[PDB]
Amino acid sequence: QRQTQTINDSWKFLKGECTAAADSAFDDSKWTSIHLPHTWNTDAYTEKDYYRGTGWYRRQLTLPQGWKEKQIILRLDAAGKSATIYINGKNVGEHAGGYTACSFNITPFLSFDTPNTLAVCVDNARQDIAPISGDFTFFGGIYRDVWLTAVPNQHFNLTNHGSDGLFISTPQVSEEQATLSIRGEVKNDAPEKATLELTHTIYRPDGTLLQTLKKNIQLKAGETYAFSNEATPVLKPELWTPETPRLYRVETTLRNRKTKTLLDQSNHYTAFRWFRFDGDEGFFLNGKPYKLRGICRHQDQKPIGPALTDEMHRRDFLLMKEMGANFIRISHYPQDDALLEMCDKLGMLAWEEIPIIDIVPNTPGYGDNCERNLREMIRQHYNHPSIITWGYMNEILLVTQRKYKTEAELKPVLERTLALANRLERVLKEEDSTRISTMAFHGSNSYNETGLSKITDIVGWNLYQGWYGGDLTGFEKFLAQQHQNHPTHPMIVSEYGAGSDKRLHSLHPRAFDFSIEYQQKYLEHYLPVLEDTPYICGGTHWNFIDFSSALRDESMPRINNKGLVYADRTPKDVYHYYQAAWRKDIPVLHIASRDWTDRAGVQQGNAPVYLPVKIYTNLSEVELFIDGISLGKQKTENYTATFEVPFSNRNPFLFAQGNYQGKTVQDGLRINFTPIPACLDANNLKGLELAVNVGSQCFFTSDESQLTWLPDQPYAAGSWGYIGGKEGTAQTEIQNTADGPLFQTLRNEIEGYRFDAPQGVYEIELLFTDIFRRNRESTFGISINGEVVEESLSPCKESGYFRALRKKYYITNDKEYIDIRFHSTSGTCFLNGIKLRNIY
Amino acid sequence: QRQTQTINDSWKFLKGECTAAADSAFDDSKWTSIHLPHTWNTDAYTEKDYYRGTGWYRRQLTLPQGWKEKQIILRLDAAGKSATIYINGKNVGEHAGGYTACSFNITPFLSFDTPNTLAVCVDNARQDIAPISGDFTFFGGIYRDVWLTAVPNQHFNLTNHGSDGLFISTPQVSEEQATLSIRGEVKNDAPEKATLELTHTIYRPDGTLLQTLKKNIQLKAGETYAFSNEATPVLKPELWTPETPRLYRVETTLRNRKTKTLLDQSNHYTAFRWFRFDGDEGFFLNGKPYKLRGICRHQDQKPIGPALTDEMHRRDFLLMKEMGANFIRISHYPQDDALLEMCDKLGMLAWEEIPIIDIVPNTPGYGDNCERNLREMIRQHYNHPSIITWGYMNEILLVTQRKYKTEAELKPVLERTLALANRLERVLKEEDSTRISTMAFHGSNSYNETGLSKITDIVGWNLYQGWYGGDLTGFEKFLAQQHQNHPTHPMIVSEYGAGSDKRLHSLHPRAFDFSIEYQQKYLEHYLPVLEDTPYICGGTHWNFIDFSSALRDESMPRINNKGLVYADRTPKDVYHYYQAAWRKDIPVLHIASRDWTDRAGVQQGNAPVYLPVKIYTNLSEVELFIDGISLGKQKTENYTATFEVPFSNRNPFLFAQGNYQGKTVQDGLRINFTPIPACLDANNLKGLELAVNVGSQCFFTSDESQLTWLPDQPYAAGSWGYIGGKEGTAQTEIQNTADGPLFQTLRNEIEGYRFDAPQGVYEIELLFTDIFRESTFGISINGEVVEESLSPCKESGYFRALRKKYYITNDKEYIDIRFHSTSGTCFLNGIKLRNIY
Ligand SMILES: O=C(O)[C@H]1OC(=O)[C@H](O)[C@@H](O)[C@@H]1O
Ligand SMILES: O=C(O)[C@H]1OC(=O)[C@H](O)[C@@H](O)[C@@H]1O
Ligand SMILES: [Ca+2]
Ligand SMILES: [Ca+2]
Ligand code: NA
Ligand code: NA
């Protein structure tokens, strides 16, 4: 029979080049011991310049004696970006492509009397393999399962593009009936003739046997026999949807015709459904209107990168499934078998694509390698009924149009780009006639003007109005313009989203403060547009997770923080705005404050400090309590309500209540509240650490110190705050702090900062980062109540640009105010943070 | 006058030795930019062999023109383990000790016409500097503040063992009156004499002037001058406790005698309190009985090491204070000024000690460096009224008794130890006659036999009965035997605790399973003993935090996990047990399930699955609800109550309430629950991932995958479980897994593992790790051989994780895995089953 098991254990690993690494007699005792899956690019979660090059893997294979007469097939589900395989020093074969599987019949290279050496040379530097550009990390290593499969000399073909070698499709599907087509190849690796029996057994969703198909086949020595068997038409087929994922098991068995001995067996699911995309009326599933409620999912997890175990892929899926999504855009690369299994079985429509992104280079072999990767993806995943569309390109004009601004520079690149698109479109439709082709665009009409949008069956727009410029309403405007000018191109919003940082909150959220609240304002705008516009087939949110992009700075360097869930897969609050809107079958009532559990605020006297607490829910009406006090009931709109909550106590308990389908629904949590006095005196200074996010309207809570830094405020008589200057903001990474966001904002041209406070000894901490690398170069003095504390401070000369300075001073105040004045010398005065404590 | 500011910023740094690193014109462009505080030992949070050696720090000094005629004093509050200071290439000084400060008048080497180069060479390799052994990482680098203080040529001495040069004490303190003594040194670095007015201003707690001393003094060029000025006795003085931290500010000022212009100035707090330790009745503060409710606290935080900013120090102090502690054992080394500031001002009694641990080696120069470190600690922190006791040794016999067995071998080592001990003891009492001396013992009467327990004023026992062997009840038995045999040695339990791991839970918690629940068990037993035994002066819990100890393996390698709060300072549920028992001023009601938010259990049919939910509270009666259904009222004992809670829904809401001094009190949280079926069939297998922590009574929940692995259960008809074997357990780290504990337990001599299950195709994952440092065995499934001869230790080695997956076709009504040993034993560390087709 067939024995399939992993060989993920007991590997030795070496980063870099190594002469002789494939020899069986090599001494790899000093190499690193590892267990697949594996990447050598954990460094990308800190370092922007992560290592791209060569890495070697070694494993001993001591084969079972019971396998002496079988064919041994080696399968690498993934190696990024390329792999060359060695058995006992001999080059067995290679593979180009970091997200498709490859497979090899290694039987002629193996020995059953002595042990064998399997060595793999992996490379993530090759410029002739996609992607060569794109907003994610190109991790190197063997980060998916590796298998050995042992079969008898007659077995299904396992070396057709690293696939299962079988291909099952439904040529016709209606409510009344459907046809079923069962195809594949049998391979005869014996030196003589073989007379076999092929059997297809087809089961209903409930497990009962529907039909058995039997053919005799004769194979000459060494022959590959293609079979194509049609089943009896299936009457009143049970139709598949993400809500009702009815599967029909197809068991395909190979038997010795004489002896009836079982040789090989391969199992697959098929399912019966049909779909359609309409430019006016959107998407239809089994003849009914169906809004695609989608998410995109990258495949890494900080800090192990793409080296996920399969229960991790399943965990990601359950989260997406429990949120209400019925559609996943698997991007920008094809992903784990374990993922697609859940899409079929638990129910989720799928788009899947290869990563041809940003720009079509002029690299020999690139086109050819793209073609092979498209075939490998379609053939490896042909049997997943959840998949309805293949794609091969994403924003293929984005870098082209940035780099080249002349007609002469552009013409060749566009020509090369349209030729490869048309090339791949032909390959797609010849690989698979049962599915729709798609392509994803960045937000520009150049895709219509260049002809790129005239190629695939449907089109996707990556739209970010209200995040990367423009206003939120430019999103529906853009879609309306496209539908007017190209009404026959059915439309998916293949990317939309906005960045967010658990550390940052704002009562006045604005784009690129990275506050939790701004991403919610953005998503709260976009989802109803997606739900209620008929010519929008659906959208796929970007992205389900905060994911690795080594090249990103912004509020969380190395991470693209547009997730609905943090990197470690804890959900953000806004996850439950999706759930509330997309799950009708359960009550959803979520106090939107897990993202904001450490609050602080400026208190007048002993009066409460008010701060919004938002709720996400599908209940019509909710009541909010704090420490047992009701704040009233509110009517929900767009799945949300916001209460102005009076905080006083240090550890308040928040509690929410409503009715859903005649039952009581409840939620609650404790958070922390810290009051900071607006007017300082001897009493209220004891224990006070007054910290201010100068130049920002965001509260910043360090996930390292747990200290919250308050939004800046202007100086007022009896209080404290700034004097002069204007807000400034950088996105560049800030050296030498864990609290980047605090230093990315400053008050530029500041004139002073003042606290009215009693007489005593105070510790003053100032925070500096020069964000104007443009610079002349800022240098300035600083005094406090007229006592110079810096004669000529220049952060960029002493430390450089975009680097933290935190300087503490002890000062004796003999006034009733602490007046910090800035005194220009060159460039501008600025201040990114201030923090005050009373010492004596 | 005096300006103090930091130079923590704008450093370059290079790991290792370097030719010509102190040269003013050395090229450090390609060095790593860093900002103090800093450590080069972040590696210690993953690598056991952390880098111990040399590191180089360079920063430019551009002196303000206003300092031209001032004295510049450099201060390094801490550098581990030793540091040497260059200014413009010239050796200025060096210091030995990684937890005390050092200072140098650097004026002679500085220019004011050109930038100055500051270079510091640091070394955490040196074996002649305490500690040379002990249960924590010897972090290297400059991990506390660095200061420049500029003063006039007539200034208080700032180069007396890196202290402030002033020393304030109260010779007599009673309810009616107290005496106050103010001492210090004035130095005169001018090239000729000078005439000064020295003034002490003393302020009440409410900020009012109580008294002004003034004394005239003259100093010849380059002379230092010692003063000691008694003060008018203070009448009906405001006493200080953790609860009432009444402090008197003392301002000391230096004015030129003719021009009366102010020169230098230094502020310090004093306070009025007395105390004593009674071998029979415990501890007394201001004449009243007082239970010492202490915790110990290491100073690092994963993964930044001890490179903490001062708000992190203050954050730590607040959690300890909000938990209700009144005592803190600052160990095993003196800690940050920022922390001590809070013990004075917000109120916590303090024990502070230097890290002389495990064994007094024969290492040239070790003794001398120890004595200097003791002098330093005491001089540097002399003015902190929170401190009532100094110490210098912890468990100084522990490694000595492992390494040397015979009387002949022990002789010299014991001689060195008693000598070093008595020597430091006498240095302590020279340095400070106002505080109590202490030492900390491990749990052996040999500290008595060898005479070590006669030396200090009080003794500390680090006791671990119920964790490192023995029984929970051995704790009180050990202490009652000491009291019987040494009634005049007043006792503090200076350490006690149990490891815990958020990933691990058990309905039957046992020591060294590292379950949340066992730590709670251990502590719930110890704390009443501490509270209710009067000859126990108090205790200090070990430890307040999970902290770095690179040499440790066990469930969380590199980490000692006996904290009350995780390394990131999130509290464990048990933290609120202490808070229930030590805070009577407020209501405490805490559902003890923040450590257990991801639950799973074997479900019979569709009946609910019972799992305990514990509650910590100072109320006498609590009610627990799940998803709105009440589970009754329960009377609390020992600040806690447990409910058998019926789980069913996937995302249940837990809710508790009761009454405290009139008011209604509430708490709630959501958690996640995943039922696993006891009897598998075609329906319940859809989406099922049956994962079993084979060999263990703990649920293990990966913090990497979030999957929960169930307690092993024996096979029963109609269900699933193991067949044969016994539990086996290792504490050695496991390579190549983030889920160590999963692999550190196993079923040894296992015969089979069986699932009753429908026909179909199944994915079976087997987890192996050989912990027995050669086992070899075949594995069959339903009569088909799936491994002819598997030997984990030959394929992978010992203590290395093996995860193997197989696709299996079951044409029977069960899945029968069998183990056939041909050598060594058969073992299996975990299994996980999915149905595929
Ligand atoms: O900027 C972003 O968030 C993303 O936006 C896009 O349009 C890209 O297709 C995607 O790869 C980037 O990650
Ligand atoms: O092993 C432990 O947990 C502790 O035991 C002790 O008694 C040691 O003094 C301490 O440094 C250790 O950390
Ligand atoms: Ca996989
Ligand atoms: Ca400090
Ligand atoms: Na700021
Ligand atoms: Na186990």
# chains A, B, ... in the order shown; residues from 1 in each chain; ligands from 1
call {"tool": "interface_residues", "arguments": {"of": "chain B", "to": "chain A", "cutoff": "7 Å", "atoms": "only C-alpha atoms", "output": "ChimeraX atom specification"}}
result
/B:4-6,9-10,34-35,64,311-312,653,667-669,705,736,788,795-796,802-807
call {"tool": "closest_atom_pairs", "arguments": {"of": "chain A", "to": "ligand 1", "cutoff": "9 Å", "atoms": "only C-alpha atoms and all ligand atoms", "output": "CSV"}}
result
residue,atom,partner,partner_atom_place_in_ligand_line,distance
A:134,CA,ligand 1,11 (O),6.0
A:135,CA,ligand 1,11 (O),4.7
A:136,CA,ligand 1,13 (O),6.7
A:331,CA,ligand 1,11 (O),8.5
A:332,CA,ligand 1,11 (O),7.2
A:357,CA,ligand 1,9 (O),8.0
A:358,CA,ligand 1,9 (O),8.6
A:394,CA,ligand 1,9 (O),6.2
A:395,CA,ligand 1,9 (O),6.4
A:398,CA,ligand 1,7 (O),8.8
A:440,CA,ligand 1,9 (O),7.8
A:441,CA,ligand 1,7 (O),7.7
A:442,CA,ligand 1,7 (O),5.7
A:443,CA,ligand 1,7 (O),8.1
A:461,CA,ligand 1,7 (O),8.6
A:462,CA,ligand 1,7 (O),5.1
A:463,CA,ligand 1,7 (O),7.2
A:464,CA,ligand 1,7 (O),7.9
A:468,CA,ligand 1,1 (O),8.4
A:494,CA,ligand 1,9 (O),8.6
A:495,CA,ligand 1,7 (O),6.4
A:496,CA,ligand 1,5 (O),7.6
A:497,CA,ligand 1,3 (O),7.0
A:498,CA,ligand 1,3 (O),7.2
A:499,CA,ligand 1,3 (O),7.7
A:542,CA,ligand 1,3 (O),6.6
A:543,CA,ligand 1,3 (O),7.6
A:547,CA,ligand 1,13 (O),8.7
A:549,CA,ligand 1,13 (O),7.9
A:560,CA,ligand 1,3 (O),6.4
A:561,CA,ligand 1,3 (O),8.1
A:562,CA,ligand 1,3 (O),6.5
call {"tool": "residues_around", "arguments": {"residues": "range 574-586 of chain A", "least_positions_apart": "5", "cutoff": "10 Å", "atoms": "only C-alpha atoms", "output": "PyMOL selection string"}}
result
chain A and resi 293+319-326+516-517+519-521+523-524+527-528+531+544+563-565+591-593+595+615-619+638-640+660-661
call {"tool": "select_by_dssp", "arguments": {"residues": "range 653-778 of chain B", "states": "helix (DSSP H, G or I)", "output": "VMD selection string"}}
result
chain B and resid 740 to 744
call {"tool": "atom_distance", "arguments": {"atom1": "CA of residue 744 in chain A", "atom2": "CA of residue 555 in chain A"}}
result
8.2 Å
call {"tool": "residues_around", "arguments": {"residues": "range 252-261 of chain A", "least_positions_apart": "4", "cutoff": "12 Å", "atoms": "only C-alpha atoms", "output": "compact mmCIF listing (two decimals) with C-alpha atoms, in the first residue's frame"}}
result
# COMPACT_ATOMS: atom_id res chain seq x y z
CA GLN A 1 0.00 0.00 0.00
CA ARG A 2 0.86 3.68 0.34
CA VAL A 151 4.14 3.21 -3.11
CA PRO A 152 4.25 -0.05 -5.10
CA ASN A 153 5.69 0.02 -8.61
CA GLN A 154 2.18 0.83 -9.91
CA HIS A 155 0.81 3.95 -8.26
CA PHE A 156 -0.83 7.25 -9.08
CA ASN A 157 1.50 9.80 -10.65
CA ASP A 164 -1.48 14.45 -6.20
CA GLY A 165 -1.80 13.57 -9.90
CA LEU A 166 -5.61 13.45 -9.88
CA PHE A 167 -8.03 16.09 -11.10
CA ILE A 168 -11.74 16.06 -10.32
CA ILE A 182 -12.61 12.01 -12.53
CA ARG A 183 -9.14 12.18 -14.11
CA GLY A 184 -5.54 11.39 -13.29
CA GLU A 185 -2.51 9.33 -14.22
CA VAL A 186 -1.25 5.90 -13.21
CA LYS A 187 2.49 5.27 -13.49
CA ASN A 188 4.10 1.86 -14.04
CA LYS A 193 3.60 -5.17 -18.14
CA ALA A 194 0.88 -4.48 -15.61
CA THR A 195 -2.83 -5.27 -15.74
CA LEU A 196 -4.70 -3.32 -13.09
CA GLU A 197 -8.19 -2.41 -11.87
CA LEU A 198 -9.05 1.28 -11.34
CA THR A 199 -11.92 2.00 -8.94
CA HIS A 200 -13.65 5.28 -8.09
CA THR A 201 -15.93 5.18 -5.08
CA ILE A 202 -18.07 8.29 -4.62
CA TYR A 203 -19.85 8.99 -1.33
CA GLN A 211 -21.61 5.03 -6.90
CA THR A 212 -18.67 2.78 -7.73
CA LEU A 213 -16.79 3.02 -11.06
CA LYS A 214 -14.46 0.26 -12.30
CA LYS A 215 -12.13 0.13 -15.28
CA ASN A 216 -9.45 -2.34 -16.23
CA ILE A 217 -6.27 -0.77 -17.56
CA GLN A 218 -3.11 -2.27 -19.01
CA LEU A 219 0.24 -0.49 -18.69
CA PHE A 227 -7.54 8.05 -17.33
CA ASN A 229 -13.82 8.59 -16.18
CA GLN A 265 -5.20 4.68 -2.91
CA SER A 266 -5.81 8.41 -3.17
CA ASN A 267 -8.73 10.30 -1.59
CA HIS A 268 -10.25 13.63 -2.62
CA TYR A 269 -13.28 15.79 -2.13
call {"tool": "atom_distance", "arguments": {"atom1": "CA of residue 223 in chain A", "atom2": "CA of residue 161 in chain A"}}
result
17.5 Å
call {"tool": "residues_near_ligand", "arguments": {"ligand": "ligand 6", "cutoff": "6 Å", "atoms": "only C-alpha atoms and all ligand atoms", "output": "PyMOL selection string"}}
result
chain B and resi 693-696+742-743+745-746+829-830
call {"tool": "write_last_selection", "arguments": {"atoms": "N, CA and C atoms", "output": "PDB file, in the first residue's frame"}}
result
ATOM      1  N   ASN B 693      -1.492  15.682  25.999  1.00  0.00           N
ATOM      2  CA  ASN B 693      -0.218  15.810  26.694  1.00  0.00           C
ATOM      3  C   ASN B 693       0.134  14.469  27.340  1.00  0.00           C
ATOM      4  N   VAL B 694       0.698  13.572  26.534  1.00  0.00           N
ATOM      5  CA  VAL B 694       0.894  12.190  26.971  1.00  0.00           C
ATOM      6  C   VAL B 694       1.866  12.120  28.150  1.00  0.00           C
ATOM      7  N   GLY B 695       1.451  11.424  29.196  1.00  0.00           N
ATOM      8  CA  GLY B 695       2.326  11.198  30.325  1.00  0.00           C
ATOM      9  C   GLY B 695       2.154  12.166  31.467  1.00  0.00           C
ATOM     10  N   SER B 696       1.148  13.033  31.413  1.00  0.00           N
ATOM     11  CA  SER B 696       1.075  14.154  32.328  1.00  0.00           C
ATOM     12  C   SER B 696      -0.363  14.340  32.780  1.00  0.00           C
ATOM     13  N   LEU B 742       5.328  20.281  27.095  1.00  0.00           N
ATOM     14  CA  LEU B 742       4.648  19.217  26.368  1.00  0.00           C
ATOM     15  C   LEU B 742       5.549  17.991  26.203  1.00  0.00           C
ATOM     16  N   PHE B 743       6.811  18.216  25.832  1.00  0.00           N
ATOM     17  CA  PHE B 743       7.802  17.182  25.576  1.00  0.00           C
ATOM     18  C   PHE B 743       8.535  16.707  26.828  1.00  0.00           C
ATOM     19  N   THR B 745       7.286  15.760  29.620  1.00  0.00           N
ATOM     20  CA  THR B 745       6.609  14.644  30.250  1.00  0.00           C
ATOM     21  C   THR B 745       6.261  13.604  29.194  1.00  0.00           C
ATOM     22  N   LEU B 746       6.188  12.342  29.619  1.00  0.00           N
ATOM     23  CA  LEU B 746       6.023  11.240  28.680  1.00  0.00           C
ATOM     24  C   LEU B 746       5.494  10.013  29.413  1.00  0.00           C
ATOM     25  N   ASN B 829       5.679  10.968  24.060  1.00  0.00           N
ATOM     26  CA  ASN B 829       5.547  12.222  24.802  1.00  0.00           C
ATOM     27  C   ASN B 829       4.289  13.000  24.455  1.00  0.00           C
ATOM     28  N   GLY B 830       3.661  12.710  23.323  1.00  0.00           N
ATOM     29  CA  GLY B 830       2.412  13.357  22.983  1.00  0.00           C
ATOM     30  C   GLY B 830       1.868  12.767  21.709  1.00  0.00           C
TER      31      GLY B 830
END
call {"tool": "residues_around", "arguments": {"residues": "residue 347 in chain B", "least_positions_apart": "4", "cutoff": "9 Å", "atoms": "only C-alpha atoms", "output": "number ranges by chain"}}
result
B: 240-246, 321, 326-327, 342-343, 386
call {"tool": "residues_near_ligand", "arguments": {"ligand": "ligand 4", "cutoff": "7 Å", "atoms": "only C-alpha atoms and all ligand atoms", "output": "list in words"}}
result
residues 144, 145, 309, 310, 336, 337 and 338 of chain B
call {"tool": "decode", "arguments": {"residues": "range 587-605 of chain B", "atoms": "C-alpha atoms", "output": "PDB file, in the first residue's frame"}}
result
ATOM      1  CA  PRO B 587     -12.429  45.382  48.851  1.00  0.00           C
ATOM      2  CA  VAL B 588     -10.533  42.664  46.985  1.00  0.00           C
ATOM      3  CA  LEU B 589     -12.529  40.435  44.633  1.00  0.00           C
ATOM      4  CA  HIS B 590     -10.574  38.690  41.893  1.00  0.00           C
ATOM      5  CA  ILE B 591     -11.756  35.750  39.795  1.00  0.00           C
ATOM      6  CA  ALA B 592      -8.529  33.711  39.676  1.00  0.00           C
ATOM      7  CA  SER B 593      -8.765  32.833  35.975  1.00  0.00           C
ATOM      8  CA  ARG B 594      -6.539  35.349  34.186  1.00  0.00           C
ATOM      9  CA  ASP B 595      -3.899  32.584  34.162  1.00  0.00           C
ATOM     10  CA  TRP B 596      -6.448  30.122  32.694  1.00  0.00           C
ATOM     11  CA  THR B 597      -8.278  31.877  29.861  1.00  0.00           C
ATOM     12  CA  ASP B 598      -8.054  29.052  27.299  1.00  0.00           C
ATOM     13  CA  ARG B 599      -9.774  25.962  28.682  1.00  0.00           C
ATOM     14  CA  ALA B 600     -10.650  22.546  27.281  1.00  0.00           C
ATOM     15  CA  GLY B 601     -12.085  19.306  28.618  1.00  0.00           C
ATOM     16  CA  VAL B 602     -13.345  15.838  27.698  1.00  0.00           C
ATOM     17  CA  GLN B 603     -17.137  15.906  27.263  1.00  0.00           C
ATOM     18  CA  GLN B 604     -19.457  12.931  27.852  1.00  0.00           C
ATOM     19  CA  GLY B 605     -22.071  13.327  25.147  1.00  0.00           C
TER      20      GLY B 605
END
